[PDB]
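For the first sequence, full-length UniProt numbering gives the first residue as 95, with consecutive numbering after it.
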Amino acid sequence: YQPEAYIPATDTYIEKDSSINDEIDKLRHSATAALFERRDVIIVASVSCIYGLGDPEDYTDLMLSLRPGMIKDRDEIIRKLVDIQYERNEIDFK
DNA sequence: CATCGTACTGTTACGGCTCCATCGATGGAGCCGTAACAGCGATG
Numbered sequence: 095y096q097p098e099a100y101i102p103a104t105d106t107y108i109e110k111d112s113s114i115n116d117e118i119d120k121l122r123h124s125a126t127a128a129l130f131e132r133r134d135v136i137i138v139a140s141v142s143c144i145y146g147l148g149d150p151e152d153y154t155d156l157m158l159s160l161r162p163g164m165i166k167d168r169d170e171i172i173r174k175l176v177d178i179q180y181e182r183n184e185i186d187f188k
């Protein structure tokens with residue numbers, strides 16, 4: 095990670111560059127889901143636990159509920175899935 | 001010295017697409033030259 099910064103002494107600006115690790119992201123998402131799923135969860139974290147995450151109210155209110163017999167268009171459900179940052183990929187299924 | 005931050009920019013291999021340069025011969029018919037073949041009369 096190289097956060098953007100500006101140095102007035104040299105009048106030079108550095109652009110932001112980052113790389114994402116898949117395993118750590120999956121572990122973080124699993125921890126976040128387990129927090130809302132079960133109460134008997136133990137989380138081992140670094141000082142990263144004090145950095146800005148999303149709103150828990152938005153996380154709870156944006157859960158999609160589906161049951162048999164409920165009328166709903168397939169396109170509407172696909173749009174709802176896309177709106178919660180789900181990527182459609184028939185080749186790379188992860 | 002380790003820790004943290006809401007999917008980052010620039011330059012190279014490699015496969016697929018497209019444009020451009022560069023590169024007589026054989027059989028049939030007619031002709032010439034050469035060889036080959038066919039085709040009144042008088043007397044005893």
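For every residue, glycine included, the Cβ atom is placed at its ideal position computed from N, Cα and C.
- Taking the CA atoms as reference points, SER140 sits about 12 Å from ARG122.
- For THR126, the enclosing alpha helix (DSSP H) begins and ends at 116-131.
- By a beta-carbon distance limit of 8 Å, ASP119 does not contact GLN96. Their separation comes to about 19 Å.
- Put simply, the backbone Cα of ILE185 is about 48 Å away from that of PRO102.
- Inclusion of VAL135 and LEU129 in the CB contact set at 9 Å is warranted, their separation being smaller than that value.
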